[PDB]
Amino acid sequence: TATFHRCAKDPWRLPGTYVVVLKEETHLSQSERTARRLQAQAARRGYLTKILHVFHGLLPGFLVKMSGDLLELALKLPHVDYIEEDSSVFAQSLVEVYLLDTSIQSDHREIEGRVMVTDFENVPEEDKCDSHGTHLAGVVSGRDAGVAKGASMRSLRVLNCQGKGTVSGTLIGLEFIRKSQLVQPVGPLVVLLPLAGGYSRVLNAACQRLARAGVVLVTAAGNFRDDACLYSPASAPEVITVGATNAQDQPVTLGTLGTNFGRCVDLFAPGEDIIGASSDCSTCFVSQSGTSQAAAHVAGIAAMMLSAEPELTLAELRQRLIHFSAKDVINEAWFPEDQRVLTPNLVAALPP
């Protein structure tokens, strides 16, 4: 039977908006017919509904703004696999690196002519707009402070001026990537998701489909000093989930919090005191910290590894990242006792 899921982190919930996921082989025409049936049956009960978006490409389904009262009815619709209430996510050369983040300063000296701004924009209203993304674009491909200087980047805006996005917005962004690729294929794709929300079944499934479709995904483990498995896309298995370490080989402390850890973390990378492009001026640099910065280093290492070995499967690329990582340098004593064995003591490194 069809199931209902809502974010366990109650303040991150976005009630009134639902991702209705249909069974794996549901056609687009069927997804539209199921949306219309929901609108029609909902209308009979005096409820007004809006279909905001219809999914096709990775995951069939639709985004509906409606009253939660209609969920039992919606769960009985044929082709329905599960429904998820929307929730918030937050900022944490032959290869194309996609960035799903805030707006970016594309003319910054550091990334000028290496980053292409797509027309994609899906952000919630607000409760410096480009600080988070610009710095990250710079960490991946910046002329002076970048990891993969020769990498070209395509950016999508899924985070607003406060670094706040939605799971629905992120799904649409991930679908935009798959669509662009089918319309105009190129070489290997690296998808950088320097964001995180609570555990999400739909977001993990979208990441899993993109991964099984041959696209490489790199994500932030999260800055909640918690187990990365309770956050998304961090928890998605086939994704490369990156924790943050500092110059002293210490897991990063971010105030009362810090880097996430556990079995869902694939490896760690530098994520404290990271110099990179400051969106304050065209030649401005600033130091930043977070699993976003750590993930950006891994997206750069992976871009260079895939450029050297373009035939690497997602699994072969994973084995190369582990094999080339520095072993057992991280202070395990910073992690909770039971997590020390579960957390891989790996610090990302380029092949020598």
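All residue numbers refer to positions in the sequence shown, first residue = 1.
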query: Where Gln92 meets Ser93 in the shown sequence, the number of deposited residues left unmodelled; finding: 10 or more
query: Gap size between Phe120 and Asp119, counted in deposited residues that the entry leaves unmodelled; finding: none
query: Of 70-78 and 111-119, the stretch whose C-alpha atoms average the higher B-factor in the entry; finding: 111-119
query: Comparing 278-286 with 178-186, the one whose average Cα B-factor in the PDB entry is higher; finding: 278-286
query: Candidate residues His135, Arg225, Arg201, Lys128, the one whose C-alpha B factor the record puts highest; finding: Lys128
query: Largest Cα B-factor, entry values, listed residues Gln41, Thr34, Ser325, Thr291; finding: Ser325
query: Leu48 by Cα B-factor - lowest, middle or highest third of the modelled chain; finding: highest
query: Among modelled residues of the same chain, the CA temperature factor third for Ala8; finding: lowest
query: CA B-factor placement of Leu314, once the chain's modelled residues are sorted into thirds; finding: highest
query: Third of the chain's Cα B-factor distribution that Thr245 belongs to, per the entry; finding: lowest
query: Third of the chain's Cα B-factor distribution that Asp266 belongs to, per the entry; finding: lowest
